[PDB]
Amino acid sequence: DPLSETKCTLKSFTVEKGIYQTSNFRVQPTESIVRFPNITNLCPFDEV
Amino acid sequence: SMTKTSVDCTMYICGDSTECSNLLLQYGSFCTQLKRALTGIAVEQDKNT
């Protein structure tokens, strides 16, 4: 729990009143998207 | 007072990279020193005002 993280980062079983920065919040990418030019100028294979 | 800044080592030195996490941990407690120093500066700015 966050209090135990505070205890570990302070290395003391009793933490005094205050605010202590324990860890770092981070959001990781949920998805991966790849995009390329839409226009596909079809080479004249069908024509030949 | 100045700008009340703070720095995250594990994101600054490398971003999405997680191998740098392990490579940095072996370096030691430099980043604990950095965070303590910057937090001291921030609290000092609050005290200055």
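Residues numbered from 1 in each chain as written, not as in the entry; some residues may be left out. Chains lettered and ligands numbered in written order. Part of a larger assembly, values for the part shown. Heavy atoms only, no water. Residues with missing side-chain atoms left out of burial classes, pairs and counts.

The record lists cryo-EM as the method behind this PDB entry and 3.1 Å as its resolution.

A separate point is the layout of surface pockets. Empty space within the second largest pocket amounts to approximately 190 Å³. Partitioning the lining of the second largest pocket into residue classes produces three nonpolar, five polar and two charged. (1 Å grid on protein atoms, 1.4 Å probe; cavity = no way out; pocket = protein on both sides within 12 Å on 5 of 7 lines; lining within 4 Å. Points joined across faces, edges and corners; volume = space filled by probe spheres on them. Nonpolar A, V, L, I, M, F, W, Y, C, P; charged D, E, K, R; others polar.)

This next bit is on empty space enclosed by the protein. Residues and elements named next belong to chain B. One number sums up the size of the largest cavity: a volume of about 40 Å³. What lines the largest cavity is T10, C14, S17, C20, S21 and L24. Take the lining of the largest cavity: its biggest share by element is three residues, from helix α2 (residues 19–25). Classifying every residue of the lining of the largest cavity by side-chain character gives three nonpolar, three polar and no charged. (Helix = DSSP H or I, 4+ residues; strand = E, 2+ residues; numbered from the N terminus.)

Before going further, it helps to examine the UniProt feature "disulfide bond" in chain B. Residues and elements named next belong to chain B. Between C9 and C31, for which a disulfide is recorded in UniProt, an S-S distance of 2.0 Å is seen, short enough (under 2.5 Å) for the bond to be assigned. You can see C9 sitting in helix α1 (residues 9–12) and its partner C31 sitting in helix α3 (residues 30–48), a full 22 residues away along the chain. For the pair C9 and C31, a shared accessibility class is recorded, and that class is buried. Where 2.5 Å serves as the upper bound for a disulfide, the S to S distance of 2.0 Å between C14 and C20 confirms the link that UniProt reports. A residue is classified by how much of its surface remains accessible, and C14, at 18% relative accessible area, is buried. For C20, a relative accessible area of 17% corresponds to the buried category. (Disulfide = S-S within 2.5 Å. UniProt positions renumbered as here; feature names shortened; annotations may be inferred. Buried < 20%, exposed > 50% of the residue type's maximum accessible area, 1.4 Å probe, protein only.)

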